[PDB]
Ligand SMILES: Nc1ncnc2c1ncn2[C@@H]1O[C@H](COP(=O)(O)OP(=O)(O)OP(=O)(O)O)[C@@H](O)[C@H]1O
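Next comes just one chain, in structure tokens: the form solved without the named molecule.
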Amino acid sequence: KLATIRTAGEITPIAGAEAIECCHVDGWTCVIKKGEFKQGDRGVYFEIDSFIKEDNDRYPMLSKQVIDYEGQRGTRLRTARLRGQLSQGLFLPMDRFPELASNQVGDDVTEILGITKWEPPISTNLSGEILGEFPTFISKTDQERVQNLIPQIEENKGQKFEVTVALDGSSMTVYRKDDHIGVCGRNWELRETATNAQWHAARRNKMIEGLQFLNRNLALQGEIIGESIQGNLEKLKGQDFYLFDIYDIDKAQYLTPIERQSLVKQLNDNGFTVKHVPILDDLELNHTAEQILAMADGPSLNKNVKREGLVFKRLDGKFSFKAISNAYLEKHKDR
């Protein structure tokens, strides 16, 4: 949903810079030309991580940021601090997009506009030998951003959420399906070799033994972090796995936070040393997205570094979201 038709929110002046103003778009704030929008106007909002192919007719404002990425010429949208105000994304009025004049507010126009997703590089240590596709019977490990969930955030006030720290590593899944035990990176199931980091991490914490012990069709999903993995924010020696989700393959749903905490308890009780991402205090929601983003800034697993953000999983287990820390995004231009 990289490029969607959205609505200009509150529009606040850039005290000092007359040619620009700051436009609220859902939970996002975005710098625009003065007068480009009034509140209530529609436009195409391109989220950060959008990759937009070179085009000086439609996107002259991105000309000086064109780069070479996976074979194409385009610009990557990322967090910036333009003239004292945080800016994320690009918001262009509907009249610049004549082929969308019959689309509706909220339409996903990513495919029609030719927008692709920028992603950081896969860590050199982690692209082992591919055995097969990521299993279609397991869900991948992504979360919608709080900035895109303004109505759902009001809906869910008072509801309680498990609050966990997001770690800056690489997604890893270790699963059992009947007589098969498998290890996956973010997009692929991997073959066990001596140098495969994900398999190594799964053997050392004995989580394959733990899945054989538990005797259920489960996928243990989490982050592998540490040296030579995405800059090693947390200052580990070596590498380790930190669980954040357990997916029930037979029922095709995630375990609730309490379900998942109990099982990790029992695994550790039996010698299966499976670590879990830092679990903060349960949060009773009654916050704006702005406030949740403010919570996101803080210490990580290593308490002397700025964490990537927070993940919020409602205690019944079927509503989750993430709040990435903007302090973190300002510090890490590769994020």
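When you see a residue number, it is the position in the sequence shown, counting from 1.
Although it is not shown, the form solved in complex with the named molecule is what the next lines describe.
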(message) Within 4.5 angstroms, counting heavy atoms, which one of the listed stretches 141-149, 203-211, 175-183, 90-98 is next to the named molecule in the deposited complex?
(response) 141-149
(message) Can you tell me if residue 256 lies within 4.5 angstroms of the named molecule in the deposited complex, counting non-hydrogen atoms only?
(response) no
(message) Check residue 277 for me: does it contact the named molecule in the deposited complex (non-hydrogen atoms, 4.5 angstroms)?
(response) yes
(message) Residue-level question: is residue 164 within 4.5 Å of the named molecule in the deposited complex, judged on heavy atoms?
(response) yes
(message) Residue-level question: is residue 311 within 4.5 Å of the named molecule in the deposited complex, judged on heavy atoms?
(response) yes
(message) If the cut-off is 4.5 angstroms on heavy atoms, which of these, 79, 110, 171, 123, is the one near the named molecule in the deposited complex?
(response) 171
(message) Can you pick out, from 157, 117, 237, 251, the residue that has a heavy atom within 4.5 Å of the named molecule in the deposited complex?
(response) 117
(message) If you apply a 4.5 angstroms heavy atom cut-off, which residues in 85-116 are near the named molecule in the deposited complex?
(response) none
